[PDB]
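Read off the chains here:
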Amino acid sequence: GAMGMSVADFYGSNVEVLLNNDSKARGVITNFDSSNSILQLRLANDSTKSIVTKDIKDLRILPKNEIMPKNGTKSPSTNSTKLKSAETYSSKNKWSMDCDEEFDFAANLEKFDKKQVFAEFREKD
């Protein structure tokens, strides 16, 4: 059905847009200017880019979450390689204090990061 919406709802929402050259990009909106129509998109990969809306060829909004259970006939809400059956629900309230999203939970004491580390620091021992 149709519902009333506000400009603040679009700000900070995650949408994807194709530019005039048929390239696609997605992220969460971080700024919008009515004087020159300029939009900054910040995506959950810690990357942000400022793009003027006039080069928007096409716009879409990605599903943040699914309200109903997944039967299988419908397509996946997001693009991923493999899903773990042990993991399914995240963030009991809304989000986590550490980072923007929680991933690689593992068993804490065992398998901290697939037995591999990029930076060295050793918090203890």
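Shown numbers run from 1 along every chain as its sequence is written, which may differ from how the entry numbers residues; residues without coordinates are omitted from display. The basis for every side-chain value is the complete set of non-hydrogen atoms in the structure, without hydrogens or water.

Judging from the entry metadata, solution NMR is the method by which this structure was determined.

Novice: It is not clear to me how the overall build of the chain should be interpreted in this structure. Could you clarify?
Specialist: Summing up its helical and strand segments, the chain has 1 helix and 5 strands in all. Segments assigned H or I by DSSP are reported as helices when at least four residues long, segments assigned E as strands when at least two residues long, and all are numbered from the N terminus. Each helix and strand of the chain, ordered N terminal to C terminal, gives the series α-β-β-β-β-β. Taken over C-alpha atoms, the radius of gyration is set against a globule rule of 2.2 Å times the number of residues to the power 0.38. Taking 14 Å as the expected radius of gyration for a compact globule of 125 residues, we find that the chain reaches 19 Å, considerably beyond that expectation. Overall size of the chain, expressed as C-alpha extent along the three principal axes, is 55 × 40 × 30 Å. For every residue, the accessible area obtained with a 1.4 Å probe (protein chains only) is divided by the maximum for its type, and the residue is called buried under 20%, exposed over 50%, and partly exposed between those limits. Here the chain, with 125 residues, has 10% of them falling under the buried criterion. Any two residues whose heavy atoms approach within 4.5 Å at even a single point are treated as in contact. Contacts in the chain between residues at least 24 apart in sequence constitute 27% of all its contacts with a sequence separation of at least 6. We score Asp and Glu as negative and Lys and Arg as positive, and we do not count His or the chain ends. To locate a charge, the coordinates of NZ of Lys, CZ of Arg, CG of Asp or CD of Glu are taken. Side chains of the chain give 19 positive and 19 negative charges; the mean places of these two sets differ by 5 Å.

Novice: Mind showing me how you'd approach the nonpolar core here?
Specialist: Nonpolar side chains tend toward joint burial in soluble globular proteins. Listed in full, the 6 residues of the largest apolar core are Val15, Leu19, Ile29, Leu39, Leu41 and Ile51. Of all elements in the fold, only β1 (14-19) and β3 (38-43) reach the threshold of two or more residues within this core. Contact partners of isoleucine 29, with chain neighbours within four places excluded, come to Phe10, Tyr11, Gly12, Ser13, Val15, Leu39, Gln40 and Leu41. To define a nonpolar core, start from buried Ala, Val, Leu, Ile, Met, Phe, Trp, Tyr and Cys residues and group those joined through side-chain atoms within 4.5 Å.

Novice: Explain the environment of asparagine 108 here, please?
Specialist: Tracing the backbone through its elements, the reader meets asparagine 108 in the segment after β5 (56-61). Among the residues examined, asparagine 108 registers a relative accessible area of 61% and is labelled exposed. Distance from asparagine 108 to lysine 64, taken between C-alpha atoms, is 27 Å for residues 44 residues apart in sequence.

Novice: Help me understand a negative patch on the surface in this model?
Specialist: Within this analysis, patches are made of residues with over 30% relative accessible area and no salt bridge. Like charges are joined at 9 Å or less; nonpolar side chains (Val, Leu, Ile, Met, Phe, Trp, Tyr) at 5 Å or less. Only the protein chains shown count as cover for residues, with accessible areas throughout obtained via the Shrake-Rupley method and a probe of 1.4 Å. Salt bridges are identified by distance alone: a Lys or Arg side-chain nitrogen within 4 Å of an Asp or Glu carboxyl oxygen. A grouping of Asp46, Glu87, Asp98, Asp100, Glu101, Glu102, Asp104 and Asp113 is seen on the molecular surface, where their side chains present a negatively charged patch. Residue placement: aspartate 98 occurs in the segment after β5. A relative accessible area of 63% means that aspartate 98 is categorised as exposed.

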